[PDB]
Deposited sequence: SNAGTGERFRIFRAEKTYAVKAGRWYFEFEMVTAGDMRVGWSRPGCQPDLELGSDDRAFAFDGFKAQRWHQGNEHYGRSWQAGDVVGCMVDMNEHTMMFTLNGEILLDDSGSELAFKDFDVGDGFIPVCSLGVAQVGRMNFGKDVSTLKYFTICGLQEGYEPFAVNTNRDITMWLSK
């Protein structure tokens, strides 16, 4: 069976610009991106994902996008919840679709927001880094920081809520 990892759903984002990284030891069947809170990632409308095994973007199906990853690579994942766009980097380089666009996905609805998600297939090894310690991010300073994206950990530091 596949292992699916997700941020705690209470930290779903509905606005702002957010960033996380996915660092892989292996280079096979994994996917990473953004999931709605609430199968194979991005085959339906519940997630938006990059597949660096086959170089595809997945949301309600697949299209060619970017390029395949190698062992040791790091994917950067960016979402702008106000402009309704998503971008991905591979070792800091922005990936493009076959039209030459950096918008991996666009014009989606905010709905209940998104949380980071990834999937690891058989024998795969990779991990999401939300950047609680920003110095442990590898490509954020190269692409993400200047562009105004915040590490997702910034959204998960608070653990108290207020009523009335």
What ranges of the deposited sequence, counted from 1, have no C-alpha atoms in this structure?
-> 1 to 7, 46 to 49, 176 to 177
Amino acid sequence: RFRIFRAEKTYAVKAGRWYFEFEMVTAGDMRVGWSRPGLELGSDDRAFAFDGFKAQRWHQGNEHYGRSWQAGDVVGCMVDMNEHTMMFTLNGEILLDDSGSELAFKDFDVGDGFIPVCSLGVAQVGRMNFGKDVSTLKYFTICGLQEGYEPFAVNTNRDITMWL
From here on, numbers count along this sequence of modelled residues.
On average, which has the higher Cα B-factor in the deposited entry, 122 to 130 or 48 to 56?
-> 122 to 130
Determine, for stretches 111 to 119 and 39 to 47, which one has the higher mean CA B-factor as deposited.
-> 39 to 47
Third assignment of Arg17 from its chain's C-alpha B-factors = lowest
C-alpha B factor of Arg31, ranked within the chain: lowest, middle or highest third?
-> lowest
The third of the chain into which the C-alpha temperature factor of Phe152 falls is the lowest
Ranked C-alpha temperature factor of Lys138 among modelled chain residues, by third = highest
